[PDB]
Amino acid sequence: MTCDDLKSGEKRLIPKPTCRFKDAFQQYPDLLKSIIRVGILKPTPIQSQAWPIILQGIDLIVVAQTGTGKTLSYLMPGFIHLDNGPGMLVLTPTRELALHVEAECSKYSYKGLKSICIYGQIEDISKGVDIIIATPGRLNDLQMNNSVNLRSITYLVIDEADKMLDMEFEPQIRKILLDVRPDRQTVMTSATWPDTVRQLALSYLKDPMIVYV
Ligand SMILES: Nc1ncnc2c1ncn2[C@@H]1O[C@H](COP(=O)(O)O)[C@@H](O)[C@H]1O
Ligand SMILES: [Cl-]
């Protein structure tokens with residue numbers, strides 16, 4: 001596992017890993033209690049590095065395949081960022097992944113946080129929602145149809161961006177991010193880091209760091 005500052009100009013110190021939940025989230029007893037109740041033992045390597053970076057308000061690229069704990073890498077700090085529609089948006093390439101993310105979300109949710117999983121409905125989004133987990137296709141069609149307000153989103157995750165590219169979802173994603181506000185925090189995940197994904201990434205992130213398993 002490597003970590004770097006990809007900002008132009010002066011490089012910033014890399015926050016120290018937080019190898020215990022307590023070290024990342026001691027400030028947030030309700031999130032800790034939620035973790036304790038689930039009964040997992042320790043942060044995964046990428047969690048231990050991703051968390052302190054996101055908590056400092058720095059945009060992050062995580063390059064990592066499934067099984068490494070990448071979901072909680074971006075979900076936990078998103079919960080903290082939340083405490084006017086949803087404030088958090090997670091874009092996933094497929095229904096299966098959206099469902100996977102939504103399942104982790106509701107397993108670890110506390111302080112009456114509400115999430116919705118949206119894929120290929122409007123009524124639940126018309127009531128209060130804090131977190132949207134969505135495929136780009138269905139979410140784009142919803143904004144066009146005036147069904148969803150994205151203007152309160154300040155925490156955005158783009159999950160599996162290489163898959164997003166293979167699937168040619170760039171036009172839909174670009175259009176969704178337009179309704180999202182520019183002063184936002186952004187995390188991006190990807191299983192790979194070729195030049196096309198690097199270019200895409202920088203079209204989403206400002207002054208980002210990277211964690212690369
Ligand atoms: N710190 C952890 N300890 C044990 N399991 C975890 C941890 N973090 C995430 N997981 C689980 O590992 C699986 C793979 O997660 P991901 O790589 O995010 O798809 C998911 O089912 C998670 O709920
Ligand atoms: Cl390193």
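Numbering of ligands and ligand atoms starts at 1, following listing order. Every heavy atom of this structure was used, including side-chain atoms; hydrogens, water molecules and symmetry mates were not. Residue indices begin at 1 and follow the sequence shown.
Checking only distances, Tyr108 never comes within under 3.5 Å of ligand 1, N or O to N or O. By the 3.5 Å distance cut-off applied to N or O atoms, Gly69 is counted among the residues near ligand 1. Between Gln65 and ligand 1, no N or O atom pair is found at a separation short of 3.5 Å. In terms of N/O distances under 3.5 Å, ligand 1 is not approached by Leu72. Between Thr68 and ligand 1, an N or O atom pair is found at a separation short of 3.5 Å.
Ring-plane geometry between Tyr110 and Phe79 is classed as perpendicular, the angle between the planes exceeding 60 degrees on a 0 to 90 degree scale with a lower cut at 30.
For the pair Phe25 and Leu55, the minimum side-chain heavy-atom distance is below 4.5 Å. Side-chain contact check for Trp193 versus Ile61: some heavy-atom pair is nearer than 4.5 Å. Looking only at side-chain heavy atoms (C-beta outward), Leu139 and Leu89 come within less than 4.5 Å of each other.
For ligand 1, the atoms lying closer than 4.0 Å to a non-hydrogen atom of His100 are 19 (O). Atom numbering of ligand 1 starts at 1 in the shown order; those under 4.0 Å from a heavy atom of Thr71 are 16 (P), 18 (O), 19 (O).
For the side-chain hydrogen bond (donor to acceptor under 3.5 Å, both in side chains) with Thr189, the lone residue among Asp159, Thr68, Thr71, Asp162 that qualifies is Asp159. For the pairing with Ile118, the side-chain contact (heavy atoms from CB on, under 4.5 Å) check across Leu142, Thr135, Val148 returns one residue only, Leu142.
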